[PDB]
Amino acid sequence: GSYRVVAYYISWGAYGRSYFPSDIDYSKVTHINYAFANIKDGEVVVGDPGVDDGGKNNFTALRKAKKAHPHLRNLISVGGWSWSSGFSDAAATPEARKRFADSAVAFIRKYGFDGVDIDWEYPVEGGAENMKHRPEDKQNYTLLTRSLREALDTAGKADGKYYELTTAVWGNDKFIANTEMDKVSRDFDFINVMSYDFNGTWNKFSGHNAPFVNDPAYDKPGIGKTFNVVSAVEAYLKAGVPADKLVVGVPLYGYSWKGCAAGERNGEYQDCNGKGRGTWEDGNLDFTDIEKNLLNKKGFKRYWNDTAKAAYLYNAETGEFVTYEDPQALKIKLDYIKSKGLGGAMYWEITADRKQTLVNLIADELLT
C-alpha cells in the first residue's frame, strides 16, 4: 500500500499503564517508534534499563513481534522533548557526528531495531528548559542526518538489511526557518510532522491541540495563524519535503483546563483557571478516559467547531474544557493524507486508545 502508519510506543507504558508491546495490534501499524533512547557523552544510550533492555524487557517483546509480523519495522526514537540537550554537541563536529552515528548503528544491531528516528526538539531555538542550541544547528542538523544516513547505509550493506532513518519535526514553522528541510528530506526515509501540541495548558486560555485549519475567531496573544495541521503540512511541502515522505502526526491524548469562562463559545478560546482533570497527570487525558468517562458524560458536552474542524468537550458546572481528537476530525485528516499524496499518519501514542477507536479508523482508511 501507499501509506505508513507510525505508532509511538512509550517505554513507560510498562509501568502503571501496564501496556506492553504484547498489547499492540501489529495489524494496525507499519512502524513502531520506541520512545525513547537518551544521549550520554555524545552517544545513543538505553533510556530506561528497568523496561528497555532489562526488567520488563520491552526490546525482547518488540523482537518477538517482528518474528510474528515480518511486515513490521521498529525504529528507536532518540531524544524527544526532555532528552534533546545532547543533539547540538553531537551534531557540531565531524568527530562528534561519527561518534553519534556509530553509537546509533551499535544500538539498533544490539537491540534488533530496523532504524533510527531523530526527535531533536529543536535546532537553533525552542525545546525544554534543559535544551542547548547554537546558531550552527541549522547546518549541523543536515550534517548529522548525512552522517547517520552514511553509517546506516554502510551497516545495512554489512548486515544484509535496510535500516531506515526518520525524524520528528515541529508543527511550528520556525523549525523550517531553522533547518534545511530541502536538503535533509533527501536522506530521511520519511518525516513525521508533529501536527499537534498547537495549544495546551502552557496557555492560561483554551484552544485546540490539533485544529485542521486556521480559525480567525481564535485571536489570543502569540498564537500563530499557522498553528493548524493544513498550515504545517503546506509549509513542509513548500520547504521541499516530498509529499510521499511527509507523515501527518495525530494525538491520541487530549488536554484539559478547569474554570474556563463560557463566553459565547461554550469555553472555547476562553480564559481558564489552570489544568483540568487528567488520566496519569493533571491536564492530560488518554482518549480511552475521554471515551469512557467524559464524551457526553459527567456534565461534559461535545461541541464541533466547523471552521477549525475540531471537537471539544465543555463542562459548564466546572468550566472544564477538553481538546481531543474526535473521529469526525480524524476522518478529515485521513482524507487529506490521500488527496495530498502524503506518506501516511503518525500518532502519539498507542497506549492512550485502549479500544483502538482512533487506531482502527487510521488502519481502516490507510492500510490494506
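The first residue of the shown sequence is 1; numbering continues from there.
Asker: Identify the stretch, either 291-299 or 161-169, whose C-alpha atoms have the larger mean B-factor according to the entry.
Answerer: Result of the comparison: 291-299.
Asker: Averaging CA B factors per stretch from the PDB record, which one is higher: 19-27 or 343-351?
Answerer: Comparing 19-27 with 343-351, the higher average CA B-factor belongs to 19-27.
Asker: By the CA temperature factor listed in this entry, which of these ranks top: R277, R109, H208, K183?
Answerer: Within the set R277, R109, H208, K183, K183 shows the top C-alpha B-factor.
Asker: Comparing recorded Cα B-factors across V213, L75, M194, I223, which one is largest?
Answerer: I223 has the highest C-alpha B-factor of those listed.
Asker: For the chain shown, is the CA B-factor of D335 in the lowest, middle or highest third of its modelled residues?
Answerer: CA B-factor rank for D335: middle third.
Asker: In terms of the CA temperature factor given in the entry, to which third of its chain does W81 belong: lowest, middle or highest?
Answerer: Tercile = highest for this residue's CA B-factor.
Asker: Ranking every modelled residue in this chain by its Cα temperature factor as given in the entry, which third contains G267?
Answerer: Middle third, going by the recorded CA B-factors of the chain.
Asker: What third of its chain's C-alpha B-factors does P94 belong to: lowest, middle or highest?
Answerer: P94: CA B-factor falls in the highest third of its chain.
Asker: Classify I118 as lowest, middle or highest third according to the C-alpha B-factor given in the PDB entry, relative to its own chain.
Answerer: As the PDB entry reports it, the C-alpha B-factor of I118 lands in the lowest third of its chain.
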